[PDB]
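Read the structure below first, then the notes.
Residue numbers start from 1 in every chain, and the chains themselves are labelled A, B, ... in the order their sequence lines are given, proteins ahead of strands. When a ligand or atom number is given, it counts from 1 through the structure's own listing order.
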Amino acid sequence: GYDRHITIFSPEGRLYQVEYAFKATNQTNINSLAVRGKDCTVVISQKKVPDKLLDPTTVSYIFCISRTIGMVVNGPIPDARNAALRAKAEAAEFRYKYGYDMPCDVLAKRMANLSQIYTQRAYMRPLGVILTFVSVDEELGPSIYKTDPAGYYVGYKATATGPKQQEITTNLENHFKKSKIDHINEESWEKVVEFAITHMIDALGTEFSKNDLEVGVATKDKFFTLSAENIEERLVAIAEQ
Amino acid sequence: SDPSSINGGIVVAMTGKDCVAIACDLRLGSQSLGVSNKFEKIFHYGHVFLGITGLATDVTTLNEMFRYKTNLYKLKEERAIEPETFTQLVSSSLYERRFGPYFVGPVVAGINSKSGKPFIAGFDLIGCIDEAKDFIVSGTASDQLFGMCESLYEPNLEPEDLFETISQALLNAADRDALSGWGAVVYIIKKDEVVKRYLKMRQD
Amino acid sequence: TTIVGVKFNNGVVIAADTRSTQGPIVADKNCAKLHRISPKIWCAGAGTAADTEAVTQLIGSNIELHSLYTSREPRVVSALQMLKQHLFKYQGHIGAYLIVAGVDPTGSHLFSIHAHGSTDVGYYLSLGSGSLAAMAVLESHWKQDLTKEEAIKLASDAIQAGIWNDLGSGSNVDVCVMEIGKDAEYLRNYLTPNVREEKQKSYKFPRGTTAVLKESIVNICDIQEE
Amino acid sequence: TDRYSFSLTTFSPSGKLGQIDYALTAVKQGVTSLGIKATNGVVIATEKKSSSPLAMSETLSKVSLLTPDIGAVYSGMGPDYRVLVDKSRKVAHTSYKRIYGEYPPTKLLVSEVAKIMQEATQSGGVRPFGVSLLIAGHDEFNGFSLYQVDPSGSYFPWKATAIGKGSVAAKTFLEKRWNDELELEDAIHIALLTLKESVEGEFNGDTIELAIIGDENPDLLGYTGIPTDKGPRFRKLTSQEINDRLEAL
Amino acid sequence: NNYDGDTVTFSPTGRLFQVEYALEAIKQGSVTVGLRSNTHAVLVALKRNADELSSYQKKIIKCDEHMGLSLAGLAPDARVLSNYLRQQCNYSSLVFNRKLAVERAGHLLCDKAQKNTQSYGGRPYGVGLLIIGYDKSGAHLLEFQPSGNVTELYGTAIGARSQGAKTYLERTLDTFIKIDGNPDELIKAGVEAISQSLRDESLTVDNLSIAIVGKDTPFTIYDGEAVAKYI
Amino acid sequence: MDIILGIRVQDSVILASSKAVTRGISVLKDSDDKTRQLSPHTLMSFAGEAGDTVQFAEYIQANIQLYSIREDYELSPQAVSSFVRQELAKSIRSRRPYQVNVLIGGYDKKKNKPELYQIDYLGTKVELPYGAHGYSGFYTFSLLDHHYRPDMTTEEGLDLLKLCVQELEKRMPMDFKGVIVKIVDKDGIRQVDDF
Amino acid sequence: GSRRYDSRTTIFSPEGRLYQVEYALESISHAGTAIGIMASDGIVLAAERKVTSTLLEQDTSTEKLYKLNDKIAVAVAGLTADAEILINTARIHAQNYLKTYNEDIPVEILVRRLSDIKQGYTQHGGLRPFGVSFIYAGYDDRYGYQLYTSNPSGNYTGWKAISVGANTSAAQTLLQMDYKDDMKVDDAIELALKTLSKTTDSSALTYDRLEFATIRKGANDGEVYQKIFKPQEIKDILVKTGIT
Amino acid sequence: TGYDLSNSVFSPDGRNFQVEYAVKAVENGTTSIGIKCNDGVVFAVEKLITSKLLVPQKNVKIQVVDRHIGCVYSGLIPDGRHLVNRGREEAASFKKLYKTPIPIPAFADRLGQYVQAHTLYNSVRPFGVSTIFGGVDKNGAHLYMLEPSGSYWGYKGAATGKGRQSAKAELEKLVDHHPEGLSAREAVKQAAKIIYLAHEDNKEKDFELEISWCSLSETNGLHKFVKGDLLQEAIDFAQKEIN
Amino acid sequence: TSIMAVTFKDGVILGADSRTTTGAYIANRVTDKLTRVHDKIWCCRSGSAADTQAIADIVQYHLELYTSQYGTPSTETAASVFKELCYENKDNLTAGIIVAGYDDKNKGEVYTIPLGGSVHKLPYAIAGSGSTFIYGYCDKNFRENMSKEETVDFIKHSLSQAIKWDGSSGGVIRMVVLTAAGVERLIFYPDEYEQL
Ligand SMILES: [Mg+2]
Ligand SMILES: [Mg+2]
Ligand SMILES: [Mg+2]
Ligand SMILES: [Mg+2]
Ligand SMILES: [Mg+2]
Ligand SMILES: [Mg+2]
Ligand SMILES: [Mg+2]
């Protein structure tokens with residue numbers, strides 16, 4: 001049973017250590033979701049600060065990888081920050097060597113290749129994280145690319161990750177079946193954020209205060225996260241209609 | 001002391017009508033001293049011919065190296081290397097020694113076995129390819145060869161006329177160079193016969 | 001060598017003469033000095049010819065792999081950055097002086113790069129021994145908002161100034177036009193103003209003129225069956 | 001420091017290399033892919049089995065250009081395939097194009113990929129690749145060809161074949177229909193017919209990935225003016241081009 | 001048990017068994033005592049012979065003019081660690097013209113031992129050490145365990161039956177700490193403390209090893225006839 | 001060191017090598033043997049920089065003796081000379097090149113032919129009816145060019161060699177203290193003990 | 001740490017055997033049979049491909065017989081991918097030797113090198129051995145025509161006739177029965193095919209399941225020719241020796 | 001099973017048992033705490049007096065990094081020293097390239113990445129310490145706590161070791177009773193009390209209190225040990241509250 | 001080359017000529033010597049063009065990675081990174097760099113890193129071959145806390161004179177203004193500044 005401890009094949013052609021790394025990915029009990037506007041890419045994630053001794057401003061699973069790229073992580077924070085540091089190093093190096101900003105999809109591929117290596121080389125363990133990369137790419141426009149512990153990645157019209165990803169996913173699928181377009185047809189990112197929060201509320205059947213969420217927004221030439229007060233203003237607009 | 005003129009020698013190649021020719025002198029010396037009159041500078045790997053002038057130790061080393069590489073090429077590709085392909089290989093191989101080069105002036109001649117097209121090329125010691133439609137020259141009498149070829153050459157010579165043209169270009173170039181001569185060989189190459197001729201020339 | 005690059009309305013044009021020399025001797029009368037880094041990024045090189053070819057091929061190879069990796073068309077700034085960092089590391093020992101022009105999804109571009117690794121930006125550039133002759137023409141006739149036809153005209157006039165006035169340059173003009181939203185068009189021997197006049201005499205020999213000691217057939221065939 | 005400097009694939013008492021057998025089992029589970037060689041071309045094809053409908057599956061390319069005249073498809077572990085494609089593209093340059101100034105012939109690029117796969121089967125501290133590849137290509141002196149490469153590093157040339165899930169059925173289907181006079185359009189038609197059998201759901205241009213090695217495409221070169229450069233022989237068919245041939249089915 | 005095959009494995013209760021087993025080798029070692037006043041610091045060590053034909057194994061090692069130690073456990077490990085201390089004392093003198101503080105020596109030993117407890121292929125050191133010295137802040141005594149724990153003390157003992165000596169020193173604390181300017185009295189309290197750990201045998205002239213360092217006293221080791229005075 | 005000559009006649013190869021060893025101002029020795037037997041039918045003479053000559057020669061000898069034992073077989077003179085050439089060609093691009101020139105005289109037992117190879121310190125190899133290194137050729141080649149015949153006997157080879165050495169002793173400024181002469185033929189290697 | 005997962009590929013059993021070598025030999029015993037036969041005027045190599053298919057491109061396929069240089073070929077039994085690693089190494093050693101001495105490598109010197117490489121994997125490095133046995137057919141001007149085999153232990157031996165792969169016990173008995181010293185290449189060709197015919201686990205022996213080669217001084221005058229038979233030529237020699 | 005025999009192995013429920021066992025060594029250690037005040041941080045630790053023979057004040061546990069950061073830990077003391085040695089190298093290399101002393105959040109991640117690295121391989125063992133650390137930088141005071149998994153967050157107050165539950169509840173009261181904040185001087189007094197309270201779970205032996213602080217107003221943003229009179233006054237204030 | 005940077009009330013301004021020469025030939029008459037390493041941290045380069053471009057590209061990379069991890073770097077931090085490269089590779093570089101930047105805490109700052117890789121924080125700095133000719137002029141005319149218009153005038157008049165006397169300086173005068181309000185680029189042509 002040592003084929004269970006390291007990344008070698010089981011007799012059914014499976015990699016158990018990879019499968020168990022996916023299981024670690026839900027250990028924070030956080031759900032996240034990402035959607036695309038006409039001009040922007042929005043990512044939201046639940047925020048849970050279960051201890052009163054915590055400084056809540058330091059509790060985050062959203063990362064500013066470069067000026068243009070944001071990353072939300074589903075998984076434990078040590079592995080999340082390992083991935084974040086590496087992604088930051090890769091994006092900076094890419095710009096130095098090739099003279100232009102690393103695209104969201106190329107960074108996702110690169111991080112996915114690194115992950116593939118951990119599934120083939122025995123001395124390295126997979127990271128127990130799923131990485132959702134967002135930007136407004138200069139060639140491809142609003143972009144969502146997500147990586148997992150198998151070294152798989154793909155681009156998304158929209159996506160969700162966490163213990164309740166299925167509910168959010170089906171909710172999002174239902175909306176896009178209706179609208180028949182690959183994105184939220186909204187001018188302003190404020191409204192795309194409101195859409196994103198609204199559909200998370202429907203899908204999880206729970207309400208949010210301003211401290212229950214984390215929001216990241218990508219626009220042309222920048223990614224930024226919202227303060228509790230920008231989020232409050234979002235929540236207020238949702239309630240008043 | 002200049003490594004490319006210690007041993008002396010020349011090579012010239014020309015294209016004609018459905019043929020190519022490549023020729024060389026036979027001298028090897030140590031500066032003023034004539035050492036050998038049987039030092040041939042043209043080699044072949046299948047149907048591709050390579051002439052090399054310059055430092056004689058490097059001439060021999062490079063022949064052995066290209067025999068080595070074309071033998072492996074053949075075992076793996078299951079066909080003989082072509083002139084165009086071999087030309088790239090010579091260039092690659094020379095440039096890999098960019099900062100400690102072989103002191104040589106190689107010349108490739110042959111006919112592509114598929115297209116039937118005559119091919120020649122020359123290189124500087126560091127792999128820069130000169131691919132000439134007409135003729136290529138190399139060695140300690142290269143100025144003299146440029147002079148001979150530029151006036152004697154005309155396109156589309158029949159193999160037997162090309163032989164006279166290239167022979168006369170070599171012979172008279174060599175006789176104006178102290179470090180070239182002591183015999184000469186001319187290869188006339190067609191798609192499926194190659195004839196080799198040793199010329200009679202002055203032995204001083 | 002004379003090489004120039006000229007920006008115009010919707011693109012960029014590069015041009016070069018076709019003489020390569022070894023000291024005062026013309027080694028090749030119809031050299032090709034316009035190199036392809038990628039389909040729409042071309043460069044022209046002066047200095048050590050092996051180096052301009054080699055550095056162009058190497059970065060071209062790595063640019064192609066980069067392109068496949070990123071599923072994007074290559075950018076001129078990438079070729080530029082990779083070239084300059086390679087050259088800088090070799091401290092001028094790789095004797096490549098290049099004009100790099102191209103179009104990519106980002107627009108149209110024109111840069112020069114010097115063997116030690118410095119680069120520059122401009123609307124018109126010249127390099128090589130003929131560059132002062134070329135630059136005199138460019139400084140006299142360049143203007144903003146050139147058309148394609150005007151830029152081709154200017155670029156080849158600038159090469160001609162090198163051809164006629166610089167002993168290091170001669171023979172023909174090669175041009176390559178890179179226009180936004182189009183295939184790059186390579187115009188080999190765009191101008192041919194130096195064809196040799198017919199000689200006074202034919203120097204074809206009577207057969208049997210040359211003295212021969214020996215003949216033999218050379219076996220170019222592999223070891224035979226049976 | 002990687003302290004696994006010993007083989008993770010070894011011979012069992014019965015002579016089996018377990019990890020290779022298990023890699024082959026992972027390939028067996030994989031989505032079906034196939035290739036067919038015609039007189040004037042080769043076709044490779046597979047199903048784009050999208051993981052969710054929110055996934056944009058045109059951003060996941062199962063059929064890959066390796067050189068302008070060589071393409072590849074796989075069955076098995078997608079991520080293993082993706083890294084092999086990166087290495088294969090590179091080795092085509094480093095161990096061939098930077099030496100001979102031309103792209104490698106199909107059989108030698110296959111040889112290089114195969115060697116990489118063999119080494120993952122013997123080198124210290126790694127597992128074999130969990131993929132089988134089908135590699136289609138053209139070169140001047142060997143013409144059109146099609147190869148399969150397995151997790152062991154073994155490769156074989158085929159007239160037509162299939163790998164993954166429905167391969168036993170697909171191979172029997174292909175043996176009936178293959179002859180040495182097929183024209184590329186015939187082989188495409190047969191590929192589409194064969195592939196329909198192993199596909200459950202949707203079967204259209206958006207769920208099928210199909211590429212050919214055929215004629216040179218000067219329109220895909222990106223530049224004009226060099227007579228000898230005539231364009232890549234590899235071409236991926238569009239969604240629309242597949243659907244046009246699905247009415248003719 | 002399933003967790004004691006190497007030093008890189010915690011047990012389910014958070015223990016490191018290879019380290020605990022290393023600690024066990026000290027317990028089998030012959031007793032050695034250390035104690036100090038405000039002017040001097042003393043080591044006393046009961047040396048062990050193999051049989052009547054054999055020498056008594058030395059227990060005390062000089063590290064510098066102002067510093068030295070005694071060992072209990074694997075003697076070759078004491079040699080490795082004392083050699084390291086000599087080098088570090090030496091480095092401090094040569095580079096900074098400064099005598100290495102005893103406290104700093106303790107920190108360096110801790111860190112050297114720690115590395116052998118956290119990596120594959122290593123083993124912990126199987127020796128305990130008592131380090132005495134006199135530096136710019138006076139007399140010092142340190143106890144080192146191969147877990148890497150180093151502790152500053154007025155007095156202590158390690159090795160087989162060290163518990164007797166240790167209890168004695170605990171009662172005497174208020175007396176021996178005041179033995180300033182009288183080297184011989186401090187040594188007596190040391191020989192008395194170590195006597196609380198003998199059984200079957202007693203302190204003989206080839207049995208007993210004493211070292212002392214202090215105010216105007218280079219670290220010096222007494223063996224043989226030079227300890228008869230205290231027997 | 002200074003003079004080394006070789007001549008290949010009908011059935012043997014003869015190597016003649018000077019005896020002097022000169023450390024600047026004094027002739028330290030007048031009986032030095034500038035040669036090593038590489039195999040029973042292959043002899044190598046050498047000249048060039050002090051120390052490097054003998055070091056190179058003994059290194060080559062050790063290698064050929066190793067090959068002979070490993071394969072229970074004597075390499076042909078051509079094969080030995082190719083091995084030696086490669087070593088010098090590799091050495092010339094070394095940190096400190098061997099400054100050593102050699103003649104290899106061997107009798108090929110398979111072809112029943114004597115063979116003489118001349119190789120300089122650059123790895124420049126040539127097969128010759130007669131050869132030399134240094135200035136020796138400048139004084140002797142006009143004589144060899146005149147009298148040499150490919151069908152000469154061993155004794156005629158020695159007489160032509162005597163004439164070469166006499167011309168060297170006449171016109172050469174340095175006193176090289178005569179030569180040691182060795183013959184390589186089908187029966188192996190022997191030293192002519194009065195010359 | 002990592003020790004836990006180490007198979008220890010290079011240890012003796014208590015009987016003084018090498019486990020991995022023994023198990024590699026077991027693997028090799030399921031490979032298609034290969035046969036070499038040495039005559040006075042040349043050598044024959046004959047080998048059976050492992051169960052084909054009608055869609056396999058035979059004329060571009062090689063799985064058993066490989067050229068090492070113009071004078072030396074091998075027949076492979078075992079893991080094909082492993083074999084190609086070793087084959088490419090041997091091709092390089094041959095060229096290294098030719099470059100160094102300007103003479104073609106003698107057959108045994110090549111065989112010994114490849115065998116030493118295999119031996120190394122059984123003694124150091126902790127890697128699995130190569131799952132390959134070779135038959136070497138070649139010519140040099142010292143010993144003339146020669147046959148050798150090597151196996152995963154790196155042991156090699158010389159033979160007048162030999163088999164490797166499946167059913168070598170049966171094959172070897174049959175070769176030993178009919179082999180004679182004064183036998184000629186055309187006789188050896190027939191013996192090789194007759195032997196494969198009888199030992200095959202297939203229903204019949206057809207051209208599409210064979211690879212075939214001869215090394216003959218049937219190259220004009222003192223020189224040697226290798227001939228890797230095309231599918232049609234294997235078909236003809238099956239008819240001519242009356243097996244089909 | 002056997003999933004808990006080797007570091008970096010995921011169990012079937014996605015856990016790294018060797019890290020969880022490291023936490024047991026931490027829970028077994030003495031109590032250590034930190035309190036973030038108005039313009040600084042305070043650190044305090046319980047030091048068990050195993051014997052009379054321990055020289056009082058002399059086995060110092062709190063460690064400075066650079067000049068502005070304090071670190072305290074519970075668990076295996078040598079592991080904590082190893083982590084601080086690494087932290088000192090990271091701080092030095094940051095200051096060398098960037099000039100400015102390392103900011104506290106930047107320093108937190110340096111320790112976090114290093115501790116996390118020791119959960120990636122089976123050739124190393126996780127750290128058997130939880131570390132409370134922080135100080136003052138250009139954006140104010142920062143307090144952090146870092147676990148054997150590499151996990152860390154910023155805190156208002158923090159505690160670890162055997163008396164962690166007791167300390168936490170005490171720390172929570174302070175957070176509730178002072179939304180505006182605590183002065184550095186108040187924080188020292190409170191820290192002394194909380195260690196005295198938490199020492200119940202360790203009552204067998206007596207202990208020695210050790211406190212340190214960095215405060216913009218009280219120490220000029222440098223890390224200093226609380227000594228002499230100010231220490232005594234905090235010991236007294238603590239004695240009172242446990243009486 | 002003539003380059004300078006000047007702190008003033010609202011921040012800092014950088015100025016440069018646009019001439020780069022190979023001997024007496026003007027290889028480029030419209031060079032941009034004002035190079036951006038971060039949004040509001042710029043530098044002017046003098047010495048080897050290859051070296052200063054290599055250095056600036058590396059610094060830009062470093063500050064991009066610094067920003068990703070730790071937020072906006074100070075001007076001092078940028079100067080320190082420059083200095084580290086110039087000092088440690090002093091044997092193989094010919095680079096004289098002025099670093100200028102705007103913080104909201106620190107406002108406008110100027111650091112000069114001369115040939116040996118020392119660093120010097122200054123109210124203003126001048127460098128390049130042209131600067132020799134304006135040491136007297138700049139020292140007489142610089143005041144602290146000038147307005148934006150005054151600082152533009154000071155730089156324009158200063159570089160005017162450097163260009164007048166230095167054959168290696170010329171072309172256009174380029175400037176970059178760094179304040180709370182943003183980043184403003186200015187350019188002045190010969191027909192303006194030659195008449196001053
Ligand atoms: Mg792994
Ligand atoms: Mg001549
Ligand atoms: Mg003459
Ligand atoms: Mg001559
Ligand atoms: Mg430089
Ligand atoms: Mg020579
Ligand atoms: Mg001026």
Side-chain angles (χ1 to χ4, degrees), chain A residues 2-10 14-22 24 79 113-128 148-151, chain B residues 5-12 23-39 41 53 56 139-145 147-148 168-184 199-204, chain D residues 1-4 8-9 19 77 79-80 83 120 123-130, chain F residues 137-138 141-142 145, chain G residues 1-2 4-5, chain H residues 6-10 16 119-123:
Chain A
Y2 281 149
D3 63 318
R4 305 264 167 142
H5 295 190
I6 56 166
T7 55
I8 62 172
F9 288 113
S10 69
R14 283 163 64 160
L15 298 174
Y16 282 112
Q17 281 300 298
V18 173
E19 293 179 5
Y20 302 163
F22 273 91
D79 285 15
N113 283 170
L114 258 11
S115 282
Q116 186 286 156
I117 285 162
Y118 313 145
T119 74
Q120 178 156 212
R121 222 106 94 199
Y123 87 106
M124 297 265 30
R125 72 160 169 86
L127 295 178
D148 66 35
Chain B
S5 68
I6 286 169
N7 299 125
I10 47 175
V11 171
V12 55
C24 73
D25 76 319
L26 296 179
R27 192 170 172 280
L28 185 144
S30 311
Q31 286 175 325
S32 72
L33 179 66
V35 170
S36 163
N37 53 199
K38 296 171 175 64
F39 194 72
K41 304 176 178 79
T53 65
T140 52
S142 57
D143 287 3
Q144 294 91 320
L145 287 162
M148 293 305 302
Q168 291 297 313
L170 184 174
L171 258 14
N172 295 288
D175 290 345
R176 284 282 180 177
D177 176 19
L179 306 180
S180 294
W182 258 23
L199 308 182
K200 187 163 217 183
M201 73 177 296
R202 61 190 302 130
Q203 298 297 307
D204 64 343
Chain D
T1 290
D2 176 357
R3 315 213 45 194
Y4 290 76
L8 300 182
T9 298
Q19 287 294 307
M77 296 167 64
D80 282 15
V83 305
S123 295
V126 296
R127 58 160 181 83
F129 290 89
Chain F
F138 284 87
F141 286 164
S142 70
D145 285 346
Chain G
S2 71
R4 199 193 310 287
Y5 313 95
Chain H
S6 178
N7 188 17
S8 83
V9 172
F10 284 105
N16 185 351
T119 73
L120 293 175
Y121 318 101
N122 63 201
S123 60

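- No hydrogens or angles considered: nothing links the side chains of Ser5(B) and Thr140(B) as a donor-acceptor pair under 3.5 Å.
- Within the coordination shell of the Mg ion (ligand 1), defined by N, O or S atoms under 2.8 Å, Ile6(A) is absent.
- Not one N/O/S atom of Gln120(A), from backbone or side chain, sits under 2.8 Å from the Mg ion (ligand 1).
- Counting backbone and side-chain atoms alike, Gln17(A) contributes no N/O/S atom closer than 2.8 Å to the Mg ion (ligand 1).
- Here the two rings, on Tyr4(D) and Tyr123(A), have centers that are 6.0 Å apart or farther.
- Considering only heavy atoms from C-beta on, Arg125(A) stays 4.5 Å or farther from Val9(H) through its side chain.
- Inclusion of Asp177(B) in the first shell of the Mg ion (ligand 2) is supported: an N, O or S atom falls under 2.8 Å.
- Salt-bridge formation is not detected for the pair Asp3(A)/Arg127(D): no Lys NZ or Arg NE/NH1/NH2 atom is positioned less than 4.0 Å from an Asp or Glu carboxylate oxygen.
- Backbone or side-chain N, O or S atoms of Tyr123(A) do not reach the Mg ion (ligand 1) at under 2.8 Å.
- Metal site remark for the Mg ion (ligand 2): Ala174(B) contributes an N, O or S atom at a distance under 2.8 Å.
- Side chain of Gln17(A) to main chain of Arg4(A): a donor-acceptor pair is present (N/O by atom type, distance under 3.5 Å, no hydrogens or angles).
- The minimum heavy-atom distance between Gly183(B) and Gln203(B), with the atom names listed, is N-NE2, 3.9 Å.
- The O atom of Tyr118(A) and the OG1 atom of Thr7(A) meet at the Mg ion (ligand 1) at an angle of about 90°, given to 10°.
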